[PDB]
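Two forms, one chain: they're shown below as structure tokens, one block per form, named structure 1 and structure 2.
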Structure 1
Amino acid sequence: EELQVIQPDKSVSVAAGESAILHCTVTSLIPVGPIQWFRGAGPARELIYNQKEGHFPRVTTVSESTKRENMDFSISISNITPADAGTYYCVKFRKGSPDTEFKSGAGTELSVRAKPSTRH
């Protein structure tokens, strides 16, 4: 029954300027600890969202609450540009001193479609 982190989309394609929804659910509430979203798998990955701390004005959670019982950690990111293309990972932390990474999701690759030129 060990926790799994489920990212059901391998890939998401959005038009430039549209919002992009990156899905993540968990199969257990055990162990307690934060779910964080990153762009990149690497040491220079960017923290995209953490509900417990920090400011992320582009992100809106699907779950619409911080209830401890929530199992959907999916987010929407507004006004997508090619700078946002990347593989996004939903990561389960175990609370501790310090919190440690328990499970990472498989990644969802965000691609961004350029607006066709006019007219013609």
Structure 2
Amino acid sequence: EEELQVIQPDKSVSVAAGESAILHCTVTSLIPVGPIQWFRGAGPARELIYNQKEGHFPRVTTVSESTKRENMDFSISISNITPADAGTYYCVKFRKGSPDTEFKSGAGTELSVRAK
């Protein structure tokens, strides 16, 4: 058997201001038990961008039907991009606990935003 991989296939993505950004991420395994979350930046001051909990991220949703058990695609769409959204975005796998712990991070995707 092989280790879980978190795959962000795109090193960078360019989006025109006002458009929606698509950030890709897939996993190779659904165990160990625990969620996938997206952040902008890394380290202690990183910003939570998405998880599967209802009603928290009005700009962000999954591209694929992530309500299915077999889903391995964690790609997200972010609406209404402005220059303020520029940065490196990480797809991160957690394991459950009190509290949950980071298990494995994807490589990151740099979002650049094109002005007017």
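Definition used throughout: the rigid core is the maximal C-alpha set that superposes within 1.5 Å between two forms. Here, residue number means position along structure 1's sequence, counting from 1.
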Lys52: after superposing the rigid core, is there a C-alpha shift of 2 Å or more between structures 1 and 2?
yes
Between structures 1 and 2, C-alpha offset at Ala41 (rigid core aligned, Å)
1.0
So with the rigid core superposed, the C-alpha of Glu64 shifts by how many Å between structures 1 and 2?
2.9
